[PDB]
Amino acid sequence: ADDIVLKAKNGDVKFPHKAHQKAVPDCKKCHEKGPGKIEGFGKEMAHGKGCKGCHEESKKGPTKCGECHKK
Ligand code: HEC
Ligand code: HEC
Ligand code: HEC
Ligand SMILES: C[C@H](CCC(=O)O)[C@H]1CC[C@H]2[C@@H]3CC[C@@H]4C[C@H](O)CC[C@]4(C)[C@H]3C[C@H](O)[C@]12C
């Protein structure tokens, strides 16, 4: 499958799967979540535990605006 880009108005956000599969061997951090996670994602989740928050706790991954968002 292909990577996906989230069309954030301030700048597209790329999600590179290969890096995550390698760096987050606990697959259940993202997969086999109960229903609702597709509908549930948004800016609140992205800037929280959905993206940025995991990067902050992991001590690795982009945490600055322009490291995720890029026109
Ligand atoms: C969130 C940070 C994830 C983690 C950690 C893992 N996966 Fe994932 N996976 C995630 C998304 C959002 C998607 C769809 C969009 C994309 O970029 O591909 C996927 C996709 C997969 C797939 C399909 C890949 C393909 O056919 O190319 C597989 C087989 C898959 N995910 C498995 C997988 C495993 C085994 C993981 C742990 C090692 C893992 N993923 C981590 C989100 C996230
Ligand atoms: C943990 C559960 C994570 C979640 C959820 C998301 N990310 Fe992540 N990401 C995580 C780690 C530990 C790393 C380091 C990987 C590395 O090898 O440096 C990353 C990395 C990224 C990157 C950069 C990858 C690279 O090639 O350097 C990007 C661009 C990124 N992450 C984006 C991103 C987005 C948009 C997410 C939400 C949709 C997201 N990540 C979730 C851990 C985790
Ligand atoms: C990745 C780890 C991010 C960092 C760091 C920042 N943002 Fe972000 N943001 C990210 C994603 C994946 C999304 C999209 C949510 C979705 O619905 O898919 C967003 C969203 C925004 C938005 C709203 C965009 C829109 O609704 O169209 C804004 C205005 C925004 N982000 C700005 C922003 C700023 C100023 C940041 C640094 C302070 C920042 N983001 C960090 C991913 C990530
Ligand atoms: C469920 C995990 C982990 C975050 C959490 O604990 O909620 C999150 C992390 C990344 C999230 C995906 C980001 C890309 C997509 C954003 C869409 O708008 C809704 C579906 C997708 C495919 C999201 C589904 C789900 O919301 C995921 C896989």
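Note: hydrogens, waters and symmetry copies are ignored here, and every other heavy atom, side chains too, is used. Start at 1 and go down the list; that is how both ligands and their atoms are numbered. Along the sequence shown, residues are numbered consecutively beginning with 1.
Nearest protein neighbour of atom 11 (C) of ligand 1, counting heavy atoms only, is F15 CE2, 3.8 Å. The protein atom (non-hydrogen) at minimum distance from atom 16 (C) of ligand 4 is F41 CD2, 3.7 Å. Atom 19 (C) of ligand 4 has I38 O, 3.3 Å as its closest protein atom, hydrogens excluded (heavy atom only). Closest protein heavy atom to atom 15 (C) of ligand 1: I4 CD1, 3.9 Å. In terms of protein heavy atoms, atom 4 (C) of ligand 1 is closest to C30 SG, 3.4 Å. Considering only non-hydrogen protein atoms, atom 38 (C) of ligand 1 sits nearest to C27 SG, 2.7 Å.
Listed by number with element, the atoms of ligand 3 under 4.0 Å from a non-hydrogen atom of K64 are 5 (C). Atoms of ligand 4 found under 4.0 Å from any heavy atom of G50 (numbered from 1 in listed order, with element): 4 (C), 9 (C). Near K29, meaning under 4.0 Å from any of its heavy atoms, are these atoms of ligand 4: 3 (C). When each atom of ligand 1 is checked for a heavy atom of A1 under 4.0 Å away, the hits are 25 (C), 26 (O), 27 (O). Every atom of ligand 3 with a heavy atom of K52 under 4.0 Å away is listed here by number and element: 2 (C). Here is the list of ligand 3 atoms found below 4.0 Å of a heavy atom in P62: 2 (C), 5 (C). Taking a cut-off of under 4.0 Å to the non-hydrogen atoms of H55, the atoms of ligand 3 that pass are 2 (C). The distance from ligand 3 to the heavy atoms of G42 drops below 4.0 Å at these ligand atoms: 15 (C), 16 (C), 17 (O). For ligand 1, the atoms sitting less than 4.0 Å from at least one non-hydrogen atom of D3 are 17 (O), numbered in the order shown with element in parentheses. Close contacts of ligand 1 with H20, meaning ligand atoms under 4.0 Å from a residue heavy atom, involve 2 (C). Set against the non-hydrogen atoms of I4, the atoms of ligand 4 under 4.0 Å away are 14 (C).
Considering backbone and side-chain atoms alike, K9 places an N or O below 3.5 Å from some N or O of ligand 3. Below 3.5 Å of separation, one finds no N or O of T63 facing any N or O of ligand 3.
Between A46 and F41, the closest heavy-atom pair is CB-CZ, 3.6 Å. The shortest heavy-atom contact between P62 and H55 is O-ND1, 2.8 Å. Summarising the geometry of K14 relative to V5, their closest heavy-atom pair is CG-CG2, 4.2 Å, with the distance given to 0.1 Å. Of all heavy-atom pairs spanning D3 and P16, the tightest one is OD2-CA, 3.5 Å.
One of the N, O or S atoms belonging to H69 lies under 2.8 Å away from atom 8 (Fe) of ligand 3.
Relative to atom 18 (O) of ligand 3, the option among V13, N10, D12, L6 with the closest non-hydrogen atom is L6. In this structure, of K7, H47, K43, the residue bringing a heavy atom nearest to atom 31 (N) of ligand 3 is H47. Closest heavy-atom approach to atom 12 (C) of ligand 3 among the candidates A8, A46, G53: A46. Looking at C68, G61, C65, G11 and measuring to atom 35 (C) of ligand 3, the nearest heavy atom belongs to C65. Heavy-atom proximity to atom 6 (O) of ligand 4, evaluated over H20, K37, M45, is greatest for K37.
Checking side-chain atoms of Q21 against main-chain N and O of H17 turns up no donor-acceptor pair under 3.5 Å.
At a 4.0 Å heavy-atom cut-off, ligand 1 touches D2 through the backbone alone. Contacts between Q21 and ligand 1 below 4.0 angstrom, taking non-hydrogen atoms only, involve backbone and side chain alike.
Annotation: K29, atom NZ; neighbour count of heavy atoms from other residues, nucleotides and ligands within 6.0 Å does not exceed 12.
With contacts defined as side-chain heavy-atom distances shorter than 4.5 Å, the pair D12/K7 qualifies.
The angle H31:NE2 - atom 8 (Fe) of ligand 1 - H17:NE2 amounts to 180°, with values rounded to 10 degrees.
Per-atom contact check: atom 27 (C) of ligand 4 does not touch the protein, criterion being a heavy-atom distance below 4.0 Å. For atom 21 (C) of ligand 4, the protein comes within 4.0 Å by no heavy atom at all. Under the 4.0 angstrom criterion, atom 12 (C) of ligand 4 counts as lacking any protein heavy-atom contact. In this structure, atom 1 (C) of ligand 1 is in close contact with the protein, since a protein heavy atom lies within 4.0 Å of it. Within the 4.0 Å cut-off (strictly below), no protein heavy atom is located near atom 8 (C) of ligand 4.
For the pair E67 and ligand 3, no heavy-atom separation below 4.0 Å is found.
Put simply, the residue from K49, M45, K43 that forms a side-chain contact (heavy atoms from CB on, under 4.5 Å) with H47 is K43.
Note that NZ of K71 is 8.5 Å distant from CG of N10, once rounded to the nearest 0.5 Å. How far CD of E32 is from NZ of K37: 13.5 Å, rounded to the nearest 0.5 Å.
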